Amino acid sequence: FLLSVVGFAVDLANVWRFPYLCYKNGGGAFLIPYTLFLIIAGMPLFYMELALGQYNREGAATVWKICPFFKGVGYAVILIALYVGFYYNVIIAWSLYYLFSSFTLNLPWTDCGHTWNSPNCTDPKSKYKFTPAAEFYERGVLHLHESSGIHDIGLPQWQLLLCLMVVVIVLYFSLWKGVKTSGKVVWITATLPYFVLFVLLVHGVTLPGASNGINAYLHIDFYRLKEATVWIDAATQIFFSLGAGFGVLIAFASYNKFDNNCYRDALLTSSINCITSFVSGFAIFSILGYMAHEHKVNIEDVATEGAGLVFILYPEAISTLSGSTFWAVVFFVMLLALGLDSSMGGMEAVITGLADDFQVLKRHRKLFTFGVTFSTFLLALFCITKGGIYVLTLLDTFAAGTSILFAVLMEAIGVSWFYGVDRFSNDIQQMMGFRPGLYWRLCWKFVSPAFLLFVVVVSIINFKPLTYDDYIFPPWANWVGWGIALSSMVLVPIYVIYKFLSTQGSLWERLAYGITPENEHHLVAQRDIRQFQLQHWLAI
Ligand SMILES: O=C1Cc2cc(CCN3CCN(c4nsc5ccccc45)CC3)c(Cl)cc2N1
């Protein structure tokens, strides 16, 4: 089964979202708070999720039959997936346009004489926005020059609408009949991305002036580590790239067997994730160093720090290889495959999580997938407009920020403190052949929550306004973003209150029906609750 651990560790979050986060934070100084969070609270909250899903064969919302008070955490990890699906599909819509626009002998992003070119373009033969490759993305693809801000936003663009419809149709017809959407599409996302990355890495070392871009990647500065921004960016990116906190792992583990080894599958994914991220950063910074001996400017003053860094970088590196059309086609085919697989995984996670709860949607899958996909298309229509990059930035900043860390922290607290690390270890020993040990028990009970809470608190206290590289957002945009962020975090206490007023009895007999497994129904009456003695809470 050593193909899924290779075909799933890389997705559209290590080749798109990691480059610009590494570039913005400096490069190198971003890998110190990345490995720490991967070792401390990235592997344990992958092993725990896999074990929970494999033992309790339920989705991401009804798995909380071991502690009914915490069922709101299951509902709080579906809205985040919905938002991520919206802007994920919007972003995938660009790769189709770039692939279709590359079936020529002279690529559009190499010349400075096309219709969409302003009378300020400069051909070398904050950010410089007049370069031929960065002007294409801004004008002939996004049409950003017709929007004055987030308060203007024109009508949707008719050229990306067709690509969005194509992506929506592909997703629907992929997830319309069966859950097995992984046994025939893992032979393109497991081999091609590695080949393309290797070619790019082996080419980006002979470029003139490419040593100055790798002498800054392997150079640690100690003044960016005293500010609480990289510590939050790395913490969010770890959970974005690993899959924890979205409910995907539980849903995809509930369909496996009862003798699978989660230990090996958890230790064989983080290593590949780290290696892929390091290699991607190396290649990206090599290309950035190359694009400084041409414009004769500094490394920090080239390119953007937004979502278009890869679309500005990679087309400017394909043009140097011999046979540019072939490599462009291969690269964008790989991007399309990665995006489609990730979107399919997320949508399947949402659908399974919602269908395991209500049994009426389990018999109607074609009428439910259509509804989910149509809602996603309608709510993703916003980012296709003229000023859609502003909405994309707002969603990227606020959809999964503090909310995902809060959800993961609540998951860890509910699984450990209120259930029992002893009970979890006994279940794992019943399923597999061994016991979790001591490192994982000490990590999942004391160390991981102590870091997640610190990150959440320091992110709440140290909040900075929202900008896009030249544009300070209006003040009400921050209010809207915080409302979006709180829309997921507010679901945890609401379910607690509802379940407290829903049951019948006294306070002692109402608090005792939400801290015990649902199958131990005839134990509360005989006053047999193990959570009322210190021996349960004194077990490390
Ligand atoms: O068994 C298994 C299954 C499995 C899947 C994965 C991929 C993790 N990725 C998936 C996409 N991600 C989304 N979260 S929400 C959302 C909404 C729309 C589109 C994408 C998304 C981010 C995390 C990994 Cl790395 C290991 C394993 N192991």
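Deposited coordinates in this entry are attributed by the record to cryo-EM, at a stated resolution of 3.2 Å.

**Q** What is the right way to read the packing of aromatic side chains from this model?
**A** Aromatic ring pairs: the centre-centre distance and the angle between the two ring planes describe each pair. All chains considered together, the criterion is met by 55 aromatic pairs. With a centroid separation of 5.8 Å and 40° between ring planes, the pair formed by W508 and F532 is classed as tilted. Here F532 lies in the loop between α23 (507–511) and α24 (534–537) and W508 lies in helix α23, a separation of 24 residues in the sequence. Three or more aromatic residues link up through ring pairs in this structure, and these residues are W94, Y98, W109, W116, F136, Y137, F311, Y314, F331 and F332. The residue whose ring lies beneath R17 is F240, and the NZ or CZ to ring-centre distance is 4.8 Å. The residue whose ring lies beneath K445 is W417, and the NZ or CZ to ring-centre distance is 4.7 Å.

**Q** Just checking my understanding: could you explain the UniProt feature "disulfide bond" in the chain for this structure?
**A** Annotation check: the disulfide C112-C121 recorded in UniProt is satisfied, the sulfur-sulfur distance being 2.0 Å, below 2.5 Å. Relative accessible area serves as the criterion here: at 16%, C121 is assigned to the buried category.

**Q** How do you make sense of the environment of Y495 when you look at a structure like this?
**A** With respect to the helices and strands, the residue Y495 is situated in helix α22 (residues 491–502). In this view, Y495 contacts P68, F69, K71, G72 and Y75; residues no more than four positions away in its chain are not counted.

**Q** Got a minute to help me understand the pattern of salt bridges in this structure?
**A** Opposite charge on two side chains makes pairing possible when the charged atoms of those side chains draw close. Applying the stated criterion across every chain, the model contains five salt bridges. Ionic pairing is found between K125 and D123, a salt bridge with its closest N-O pair at 3.3 Å. Overall, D123 belongs to the partly exposed group, its relative accessible area being 30%. For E348, the salt bridge goes to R365, with nearest N and O atoms at 2.7 Å. Of the two residues, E348 sits in helix α15 (residues 324–357) while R365 sits in the loop between α15 and α16 (366–380), which places them 17 residues apart along the sequence. Here the two residues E348 and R365 agree in accessibility, since each one is buried.

**Q** Looking at this structure, I do not really get the packing of helix α18 (residues 402–416) against helix α21 (residues 475–489). What am I missing?
**A** If you want to describe how two helices pack, look at the angle between their axes and the distance between the axes. Here α18 crosses α21 at 15°, and the two axes come no closer than 9 Å. As judged from the angle between their axes, α18 and α21 are roughly parallel. The handedness of the crossing between α18 and α21 comes out as right-handed. Contacts between α18 and α21 involve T402, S403 and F406 on the former and, on the latter, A485, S488 and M489. Looking at the contact of α18 with α21 residue by residue, the classes come out as three nonpolar, three polar and no charged.

**Q** Sorry if this is basic, but what is going on with the site of the ligand here?
**A** Not every one of the 15 residues close to the ligand is listed here, only the nearest: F8, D11, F240, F246 and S342. Take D11: an N or O atom from its side chain is 3.3 Å from a nitrogen atom of the ligand. Protein chains shield 91% of the accessible area of the ligand, which is 630 Å² for the free molecule. Per-element tally for the shell around the ligand: the top contributor is helix α6 (residues 79–100), with four residues. Partitioning the shell around the ligand into residue classes produces nine nonpolar, five polar and one charged.

**Q** What is the right way to read the UniProt feature "binding site: (R)-noradrenaline 2" in the chain from this model?
**A** According to UniProt, the "binding site: (R)-noradrenaline 2" feature falls on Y23, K24 and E305. Other than its neighbours up to four places away in sequence, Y23 contacts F285, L288, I299, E300, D301, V302, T304, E305 and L309. Note that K24 resides in helix α2 (residues 17–25).

**Q** In this structure, what is going on with helix α8 (residues 158–174)? I would like to understand it.
**A** Taking 1.5 Å of rise per residue, the 17 residues of α8 would be expected to cover 24 Å, and the 25 Å separating its terminal C-alpha atoms lies within 8% of that figure. Regarding α8, the residues found buried are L160, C163, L164, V167, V168, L171 and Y172. The inward-facing, buried residues of α8 abut α6, α7 (132–141), α15 and α16.

**Q** Sorry, what's going on with α16 here?
**A** Taking 1.5 Å as the rise per residue, α16 with 15 residues should run 21 Å; its terminal C-alpha atoms sit 21 Å apart, in good agreement. What α16 keeps buried is the set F368, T369, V372, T373, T376, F377 and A380. End-on, the buried residues of α16 take up no more than an arc of 165°, which puts them together on one face.

**Q** Explain the side chain of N478 to me, please; I cannot follow it from the model alone.
**A** Position of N478 among the secondary structure elements: in helix α21. When its relative accessible area of 14% is taken as the criterion, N478 is described as buried. Ignoring anything within four residues of it in the chain, the contact list for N478 reads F398, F463, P465 and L466.

Rules and cut-offs
Residues numbered from 1 in each chain as written, not as in the entry; some residues may be left out. Heavy atoms only, no water. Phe/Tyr/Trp six-rings, centres within 6.5 Å; stacked < 30°, edge-to-face > 60°. Helix = DSSP H or I, 4+ residues; strand = E, 2+ residues; numbered from the N terminus. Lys NZ or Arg CZ within 6 Å of the ring centre and 35° of its normal. Disulfide = S-S within 2.5 Å. UniProt positions renumbered as here; feature names shortened; annotations may be inferred. Buried < 20%, exposed > 50% of the residue type's maximum accessible area, 1.4 Å probe, protein only. Contact = heavy atoms within 4.5 Å. Salt bridge = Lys/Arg side-chain N within 4 Å of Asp/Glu carboxyl O. Axes fitted to C-alpha atoms, helices over the stretch in contact; angles between N-to-C directions. Parallel < 35°, antiparallel > 145°, perpendicular 65-115°, else oblique. Left-handed = near helix turned anticlockwise from the far one by under 90°. Nonpolar A, V, L, I, M, F, W, Y, C, P; charged D, E, K, R; others polar. Near = heavy atom within 4 Å. Polar contact = N/O pair within 3.5 Å; in protein donor to acceptor, adjacent residues only side chain to side chain. Areas by Shrake-Rupley, 256 points an atom, 1.4 Å probe, with all protein chains shown as cover. Expected span 1.5 Å × (residues − 1). Arc of directions from axis to C-beta.

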